[PDB]
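One structure is given below, encoded as structure tokens.
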Amino acid sequence: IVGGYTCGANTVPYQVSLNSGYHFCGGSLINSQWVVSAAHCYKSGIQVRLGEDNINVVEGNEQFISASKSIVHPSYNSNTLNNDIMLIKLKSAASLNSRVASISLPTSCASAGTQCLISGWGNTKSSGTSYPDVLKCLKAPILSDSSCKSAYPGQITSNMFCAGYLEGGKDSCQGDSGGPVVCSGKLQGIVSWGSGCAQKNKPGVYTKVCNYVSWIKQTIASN
Ligand SMILES: N=C(N)c1ccc(Br)cc1
Ligand SMILES: [Ca+2]
């Protein structure tokens with residue numbers, strides 16, 4: 001997250017860190033046994049880390065649970081990043097509390113101009129590299145589909161939205177991949193892609209979770 005703020009320990013209780021010997025992606029806890037992330041975050045050997053603030057220190061609220069199964073969307077296209085969503089099942093259910101909590105799926109798609117919270121442990125610089133150890137937050141609005149399509153001609157599908165600031169300076173970035181975009185207490189987006197980070201006229205692009213609710217619910221019900 002570039003141009004964000006330190007969230008505060010366990011203030012974003014649905015945030016997870018995907019760990020394969022190191023943090024590599026975010027995710028969102030959607031019930032006691034399932035995480036949603038980006039399909040581009042797929043790999044085998046995932047450990048889900050819940051309750052994290054400093055990903056380098058054991059602070060005492062963590063739960064570390066191995067993935068039993070990963071399901072990448074059947075129509076994910078790694079060239080276009082269309083359908084950039086994946087489900088991870090935990091080997092055992094998480095213990096839910098005020099610091100480890102599920103985030104609700106949306107019943108409605110969020111409108112342009114809605115303010116959302118994006119979070120993650122990704123790079124904090126638009127130029128060069130600085131990875132924070134503690135969770136970073138950013139408040140950003142969803143942009144109109146026309147401003148999103150004008151920023152990324154020929155690249156925005158109906159399964160994507162833009163959020164952020166056309167002026168630059170404030171965005172998600174590498175390492176925030178798979179993390180949540182939460183609006184009005186519902187998961188609306190997944191950190192998916194963008195051109196650089198925090199560049200002028202190049203906002204973040206996020207998977208539009210409201211289009212996937214039936215797939216998520218039917219997948220969870222049968223797996
Ligand atoms: N929001 C962005 N600019 C961004 C997000 C994820 C990745 Br990976 C790269 C760029
Ligand atoms: Ca920790």
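Labels for the structure tokens follow display order: chains A, B, ..., residues from 1 in each chain, ligands from 1.
Neighbouring residues of residue 159 in chain A at 7 Å or closer, counting only C-alpha atoms and skipping chain neighbours under 3 positions away, are residues 82, 83, 207, 208 and 211 of chain A.
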Restricting the output to C-alpha atoms, write the selected residues as a PDB file, in the first residue's frame.
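Okay, again_26.pdb is ready:
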```pdb
ATOM      1  CA  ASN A  82     -10.154 -11.785 -15.961  1.00  0.00           C
ATOM      2  CA  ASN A  83     -11.781 -13.828 -13.136  1.00  0.00           C
ATOM      3  CA  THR A 207     -11.767  -8.253  -9.014  1.00  0.00           C
ATOM      4  CA  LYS A 208     -15.486  -7.476  -8.723  1.00  0.00           C
ATOM      5  CA  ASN A 211     -20.166 -11.167  -9.714  1.00  0.00           C
TER       6      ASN A 211
END
```
Discussion item. 8 Å from ligand 1 is the threshold here; counting only C-alpha atoms and all ligand atoms, which polymer residues fall inside it? Answer as a ChimeraX atom specification.
Written reply: /A:171-177,191-199,202-206
field: Close residues, residue 125 in chain A itself excluded, 8 Å, only C-alpha atoms, min 3 positions apart in chain, as JSON, numbers by chain
entry: {"A": [1, 2, 128, 129, 130, 197]}
Nearest to ligand 2, restricted to only C-alpha atoms and all ligand atoms and choosing among A:57, A:103, A:162, A:50, comes out as A:57
Give me the residues of chain A that have any atom at most 9 Å from an atom of ligand 2; for each, the nearest atom pair and the distance in Å, rounded to one decimal. Use only C-alpha atoms and all ligand atoms, sort by chain and number, and format it as a tab-separated table.
```
residue	atom	partner	partner_atom_place_in_ligand_line	distance
A:49	CA	ligand 2	1 (Ca)	8.4
A:50	CA	ligand 2	1 (Ca)	8.8
A:51	CA	ligand 2	1 (Ca)	7.5
A:52	CA	ligand 2	1 (Ca)	4.7
A:53	CA	ligand 2	1 (Ca)	5.5
A:54	CA	ligand 2	1 (Ca)	4.4
A:55	CA	ligand 2	1 (Ca)	4.3
A:56	CA	ligand 2	1 (Ca)	5.7
A:57	CA	ligand 2	1 (Ca)	4.5
A:58	CA	ligand 2	1 (Ca)	4.1
A:59	CA	ligand 2	1 (Ca)	5.1
A:60	CA	ligand 2	1 (Ca)	7.2
A:61	CA	ligand 2	1 (Ca)	7.6
A:62	CA	ligand 2	1 (Ca)	6.2
A:133	CA	ligand 2	1 (Ca)	8.8
A:134	CA	ligand 2	1 (Ca)	8.6
```
Output for the residues just chosen: N, CA, C and O atoms as a PDB file, in the first residue's frame:
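Done, and the output landed in out33.pdb:
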```pdb
ATOM      1  N   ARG A  49      -2.153 -17.364   7.414  1.00  0.00           N
ATOM      2  CA  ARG A  49      -1.827 -16.726   8.709  1.00  0.00           C
ATOM      3  C   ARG A  49      -2.896 -15.686   9.001  1.00  0.00           C
ATOM      4  O   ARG A  49      -3.044 -14.705   8.279  1.00  0.00           O
ATOM      5  N   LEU A  50      -3.643 -15.990  10.034  1.00  0.00           N
ATOM      6  CA  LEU A  50      -4.721 -15.146  10.483  1.00  0.00           C
ATOM      7  C   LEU A  50      -4.252 -14.421  11.730  1.00  0.00           C
ATOM      8  O   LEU A  50      -3.364 -14.898  12.420  1.00  0.00           O
ATOM      9  N   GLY A  51      -4.909 -13.309  12.026  1.00  0.00           N
ATOM     10  CA  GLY A  51      -4.609 -12.562  13.249  1.00  0.00           C
ATOM     11  C   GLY A  51      -3.303 -11.816  13.232  1.00  0.00           C
ATOM     12  O   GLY A  51      -2.790 -11.522  14.317  1.00  0.00           O
ATOM     13  N   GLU A  52      -2.767 -11.576  12.047  1.00  0.00           N
ATOM     14  CA  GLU A  52      -1.452 -10.955  11.914  1.00  0.00           C
ATOM     15  C   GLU A  52      -1.519  -9.442  12.007  1.00  0.00           C
ATOM     16  O   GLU A  52      -2.435  -8.838  11.462  1.00  0.00           O
ATOM     17  N   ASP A  53      -0.496  -8.857  12.612  1.00  0.00           N
ATOM     18  CA  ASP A  53      -0.188  -7.439  12.374  1.00  0.00           C
ATOM     19  C   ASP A  53       1.252  -7.418  11.866  1.00  0.00           C
ATOM     20  O   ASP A  53       1.407  -7.309  10.648  1.00  0.00           O
ATOM     21  N   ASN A  54       2.240  -7.610  12.708  1.00  0.00           N
ATOM     22  CA  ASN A  54       3.648  -7.694  12.277  1.00  0.00           C
ATOM     23  C   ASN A  54       3.830  -9.127  11.782  1.00  0.00           C
ATOM     24  O   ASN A  54       3.751 -10.073  12.579  1.00  0.00           O
ATOM     25  N   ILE A  55       4.118  -9.282  10.488  1.00  0.00           N
ATOM     26  CA  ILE A  55       4.245 -10.645   9.875  1.00  0.00           C
ATOM     27  C   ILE A  55       5.620 -11.251  10.172  1.00  0.00           C
ATOM     28  O   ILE A  55       5.800 -12.391   9.848  1.00  0.00           O
ATOM     29  N   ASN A  56       6.493 -10.484  10.794  1.00  0.00           N
ATOM     30  CA  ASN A  56       7.790 -10.988  11.179  1.00  0.00           C
ATOM     31  C   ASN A  56       7.955 -11.310  12.650  1.00  0.00           C
ATOM     32  O   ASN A  56       9.023 -11.816  13.032  1.00  0.00           O
ATOM     33  N   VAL A  57       6.964 -11.009  13.471  1.00  0.00           N
ATOM     34  CA  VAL A  57       7.057 -11.217  14.928  1.00  0.00           C
ATOM     35  C   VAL A  57       5.817 -11.996  15.332  1.00  0.00           C
ATOM     36  O   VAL A  57       4.709 -11.590  14.958  1.00  0.00           O
ATOM     37  N   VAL A  58       5.954 -12.955  16.202  1.00  0.00           N
ATOM     38  CA  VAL A  58       4.784 -13.595  16.829  1.00  0.00           C
ATOM     39  C   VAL A  58       4.328 -12.690  17.978  1.00  0.00           C
ATOM     40  O   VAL A  58       5.107 -12.448  18.933  1.00  0.00           O
ATOM     41  N   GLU A  59       3.123 -12.147  17.865  1.00  0.00           N
ATOM     42  CA  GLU A  59       2.616 -11.107  18.799  1.00  0.00           C
ATOM     43  C   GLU A  59       1.561 -11.719  19.701  1.00  0.00           C
ATOM     44  O   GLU A  59       1.278 -11.112  20.726  1.00  0.00           O
ATOM     45  N   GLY A  60       1.004 -12.850  19.325  1.00  0.00           N
ATOM     46  CA  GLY A  60       0.134 -13.610  20.229  1.00  0.00           C
ATOM     47  C   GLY A  60      -1.284 -13.763  19.766  1.00  0.00           C
ATOM     48  O   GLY A  60      -2.005 -14.460  20.474  1.00  0.00           O
ATOM     49  N   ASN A  61      -1.708 -13.127  18.686  1.00  0.00           N
ATOM     50  CA  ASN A  61      -3.112 -13.338  18.240  1.00  0.00           C
ATOM     51  C   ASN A  61      -3.147 -14.209  16.984  1.00  0.00           C
ATOM     52  O   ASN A  61      -4.201 -14.354  16.371  1.00  0.00           O
ATOM     53  N   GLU A  62      -2.010 -14.738  16.573  1.00  0.00           N
ATOM     54  CA  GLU A  62      -1.968 -15.434  15.272  1.00  0.00           C
ATOM     55  C   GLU A  62      -2.627 -16.820  15.345  1.00  0.00           C
ATOM     56  O   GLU A  62      -2.561 -17.490  16.363  1.00  0.00           O
ATOM     57  N   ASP A 133       6.369  -4.317   7.747  1.00  0.00           N
ATOM     58  CA  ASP A 133       6.169  -5.539   8.545  1.00  0.00           C
ATOM     59  C   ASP A 133       4.746  -5.526   9.123  1.00  0.00           C
ATOM     60  O   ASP A 133       4.219  -6.612   9.388  1.00  0.00           O
ATOM     61  N   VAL A 134       4.142  -4.339   9.222  1.00  0.00           N
ATOM     62  CA  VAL A 134       2.800  -4.184   9.845  1.00  0.00           C
ATOM     63  C   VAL A 134       1.768  -3.814   8.802  1.00  0.00           C
ATOM     64  O   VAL A 134       2.130  -3.238   7.735  1.00  0.00           O
TER      65      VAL A 134
END
```
I want to know what sits within 10 Å of residue 179 in chain A, based on only C-alpha atoms, with residues of the same chain fewer than 5 positions away left out; could you give that as a PyMOL selection string?
chain A and resi 14-18+25-28+36-38+118-122+172+187+189-192+206
Running DSSP on the backbone, which parts of range 12-206 of chain A land in strand (DSSP E or B), as number ranges by chain?
-> A: 15-19, 23-31, 34-37, 47-50, 63-72, 77, 82, 86-90, 104, 115-120, 136-142, 160-163, 171, 180-183, 186-193, 204-206
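Pairwise distance (CA of residue 138 in chain A, CA of residue 114 in chain A) equals 13.6 Å.
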Assign secondary structure with DSSP using the backbone only, and return the residues of range 7-200 of chain A in helix (DSSP H, G or I) as an mmCIF file with N, CA, C and O atoms, in the first residue's frame.
```cif
data_model
loop_
_atom_site.group_PDB
_atom_site.id
_atom_site.type_symbol
_atom_site.label_atom_id
_atom_site.label_comp_id
_atom_site.auth_asym_id
_atom_site.auth_seq_id
_atom_site.Cartn_x
_atom_site.Cartn_y
_atom_site.Cartn_z
ATOM 1 N N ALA A 39 -6.605 -15.326 -7.937
ATOM 2 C CA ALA A 39 -6.070 -16.491 -8.679
ATOM 3 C C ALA A 39 -4.585 -16.318 -8.990
ATOM 4 O O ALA A 39 -3.896 -17.344 -9.021
ATOM 5 N N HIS A 40 -4.121 -15.107 -9.211
ATOM 6 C CA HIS A 40 -2.689 -14.949 -9.535
ATOM 7 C C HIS A 40 -1.844 -15.266 -8.302
ATOM 8 O O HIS A 40 -0.660 -15.373 -8.431
ATOM 9 N N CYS A 41 -2.424 -15.440 -7.127
ATOM 10 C CA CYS A 41 -1.685 -15.805 -5.909
ATOM 11 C C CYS A 41 -1.628 -17.323 -5.764
ATOM 12 O O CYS A 41 -1.040 -17.775 -4.830
ATOM 13 N N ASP A 145 -16.933 3.283 -14.060
ATOM 14 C CA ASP A 145 -16.503 2.310 -15.098
ATOM 15 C C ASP A 145 -15.888 3.126 -16.265
ATOM 16 O O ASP A 145 -14.860 2.737 -16.820
ATOM 17 N N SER A 146 -16.463 4.249 -16.654
ATOM 18 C CA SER A 146 -15.911 5.042 -17.787
ATOM 19 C C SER A 146 -14.513 5.590 -17.440
ATOM 20 O O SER A 146 -13.642 5.550 -18.356
ATOM 21 N N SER A 147 -14.239 6.034 -16.209
ATOM 22 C CA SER A 147 -12.900 6.563 -15.849
ATOM 23 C C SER A 147 -11.914 5.384 -15.790
ATOM 24 O O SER A 147 -10.740 5.506 -16.227
ATOM 25 N N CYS A 148 -12.381 4.228 -15.369
ATOM 26 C CA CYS A 148 -11.552 2.996 -15.285
ATOM 27 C C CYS A 148 -11.178 2.577 -16.713
ATOM 28 O O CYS A 148 -9.989 2.298 -16.956
ATOM 29 N N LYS A 149 -12.153 2.544 -17.629
ATOM 30 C CA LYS A 149 -11.917 2.127 -19.050
ATOM 31 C C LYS A 149 -11.030 3.170 -19.731
ATOM 32 O O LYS A 149 -10.250 2.819 -20.638
ATOM 33 N N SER A 150 -11.124 4.414 -19.370
ATOM 34 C CA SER A 150 -10.279 5.468 -20.007
ATOM 35 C C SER A 150 -8.831 5.329 -19.543
ATOM 36 O O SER A 150 -7.925 5.635 -20.308
ATOM 37 N N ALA A 151 -8.628 4.885 -18.299
ATOM 38 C CA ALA A 151 -7.276 4.696 -17.728
ATOM 39 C C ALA A 151 -6.625 3.464 -18.351
ATOM 40 O O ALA A 151 -5.426 3.478 -18.556
#
```
Of the candidates A:184, A:217, A:7, A:12, which one gets nearest to residue 98 in chain A if we count only C-alpha atoms?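 Among the listed residues, A:12 lies closest to residue 98 in chain A.
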Long-range neighbours of residue 66 in chain A as a CSV table (one decimal) with N, CA, C and O atoms, in the first residue's frame, 12 Å cut-off, only C-alpha atoms, 3 positions minimum in chain:
```
chain,number,residue,atom,x,y,z
A,17,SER,N,-2.7,-13.3,5.7
A,17,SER,CA,-1.4,-13.4,5.0
A,17,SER,C,-1.3,-14.8,4.5
A,17,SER,O,-1.5,-15.7,5.2
A,18,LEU,N,-1.0,-15.0,3.2
A,18,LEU,CA,-0.6,-16.3,2.6
A,18,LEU,C,0.9,-16.4,2.7
A,18,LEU,O,1.6,-15.5,2.2
A,19,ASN,N,1.3,-17.5,3.2
A,19,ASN,CA,2.7,-17.7,3.5
A,19,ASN,C,3.2,-19.0,2.9
A,19,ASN,O,2.6,-20.0,3.1
A,20,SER,N,4.3,-18.9,2.1
A,20,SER,CA,5.0,-20.1,1.5
A,20,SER,C,6.4,-20.1,2.0
A,20,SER,O,7.3,-20.3,1.1
A,33,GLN,N,-13.6,-21.5,7.6
A,33,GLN,CA,-12.8,-22.6,6.9
A,33,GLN,C,-12.4,-22.1,5.5
A,33,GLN,O,-11.7,-22.9,4.9
A,34,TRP,N,-12.7,-20.9,5.1
A,34,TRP,CA,-12.5,-20.5,3.7
A,34,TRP,C,-11.9,-19.1,3.6
A,34,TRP,O,-12.4,-18.2,4.3
A,35,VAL,N,-11.0,-19.0,2.7
A,35,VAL,CA,-10.3,-17.7,2.4
A,35,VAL,C,-10.5,-17.5,0.9
A,35,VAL,O,-10.5,-18.4,0.1
A,44,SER,N,1.1,-24.1,-4.6
A,44,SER,CA,0.9,-25.2,-3.7
A,44,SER,C,1.7,-24.9,-2.4
A,44,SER,O,2.6,-24.0,-2.5
A,45,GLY,N,1.4,-25.5,-1.3
A,45,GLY,CA,2.1,-25.3,0.0
A,45,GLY,C,1.8,-24.0,0.6
A,45,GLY,O,2.7,-23.4,1.2
A,46,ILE,N,0.6,-23.6,0.6
A,46,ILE,CA,0.2,-22.3,1.3
A,46,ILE,C,-0.1,-22.6,2.8
A,46,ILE,O,-0.9,-23.5,3.1
A,47,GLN,N,0.4,-21.8,3.6
A,47,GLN,CA,-0.1,-21.6,5.0
A,47,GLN,C,-0.8,-20.3,5.1
A,47,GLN,O,-0.3,-19.3,4.7
A,48,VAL,N,-2.0,-20.4,5.7
A,48,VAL,CA,-2.8,-19.1,5.9
A,48,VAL,C,-2.5,-18.6,7.3
A,48,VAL,O,-2.5,-19.4,8.3
A,49,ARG,N,-2.2,-17.4,7.4
A,49,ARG,CA,-1.8,-16.7,8.7
A,49,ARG,C,-2.9,-15.7,9.0
A,49,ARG,O,-3.0,-14.7,8.3
A,50,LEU,N,-3.6,-16.0,10.0
A,50,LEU,CA,-4.7,-15.1,10.5
A,50,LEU,C,-4.3,-14.4,11.7
A,50,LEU,O,-3.4,-14.9,12.4
A,63,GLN,N,-3.2,-17.2,14.2
A,63,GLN,CA,-3.5,-18.6,13.9
A,63,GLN,C,-2.9,-19.0,12.6
A,63,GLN,O,-3.1,-18.2,11.6
A,69,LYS,N,-7.0,-27.3,0.3
A,69,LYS,CA,-7.5,-27.3,-1.1
A,69,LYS,C,-7.5,-25.9,-1.6
A,69,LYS,O,-7.9,-25.0,-0.8
A,70,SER,N,-7.1,-25.7,-2.8
A,70,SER,CA,-7.2,-24.4,-3.5
A,70,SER,C,-8.0,-24.6,-4.7
A,70,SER,O,-7.9,-25.6,-5.4
A,88,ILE,N,-9.5,-20.8,-1.0
A,88,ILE,CA,-8.6,-21.7,-0.3
A,88,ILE,C,-9.4,-22.2,0.9
A,88,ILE,O,-9.9,-21.4,1.7
A,89,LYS,N,-9.4,-23.5,1.0
A,89,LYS,CA,-10.0,-24.2,2.2
A,89,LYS,C,-8.9,-24.4,3.2
A,89,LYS,O,-7.9,-25.0,2.8
A,90,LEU,N,-9.2,-24.1,4.5
A,90,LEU,CA,-8.3,-24.4,5.6
A,90,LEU,C,-8.4,-25.8,6.1
A,90,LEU,O,-9.5,-26.4,6.0
A,91,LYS,N,-7.3,-26.4,6.5
A,91,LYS,CA,-7.3,-27.9,7.0
A,91,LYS,C,-8.2,-28.0,8.2
A,91,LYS,O,-8.8,-29.0,8.5
A,92,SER,N,-8.3,-26.9,9.0
A,92,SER,CA,-9.2,-26.9,10.2
A,92,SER,C,-9.7,-25.5,10.3
A,92,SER,O,-9.2,-24.6,9.7
A,93,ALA,N,-10.9,-25.4,10.9
A,93,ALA,CA,-11.6,-24.1,11.1
A,93,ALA,C,-10.7,-23.2,12.0
A,93,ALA,O,-10.2,-23.7,13.1
A,94,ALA,N,-10.7,-21.9,11.7
A,94,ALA,CA,-10.2,-20.9,12.5
A,94,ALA,C,-11.1,-20.7,13.7
A,94,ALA,O,-12.3,-20.9,13.6
```
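With only C-alpha atoms taken into account, the protein and nucleic acid residues at most 12 Å from residue 214 in chain A (excluding it and anything under 5 positions from it in its own chain) are residues 105, 106, 107, 209, 219, 220 and 221 of chain A.
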Go ahead and save the residues from that selection, with C-alpha atoms, as a compact mmCIF listing (two decimals), in the first residue's frame.
```
# COMPACT_ATOMS: atom_id res chain seq x y z
CA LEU A 105 -19.96 -11.36 0.95
CA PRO A 106 -21.93 -8.63 -0.81
CA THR A 107 -25.64 -8.93 -1.71
CA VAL A 209 -16.50 -9.94 -5.98
CA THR A 219 -18.17 -24.05 -4.20
CA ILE A 220 -18.10 -23.78 -0.39
CA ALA A 221 -21.28 -25.87 -0.11
```
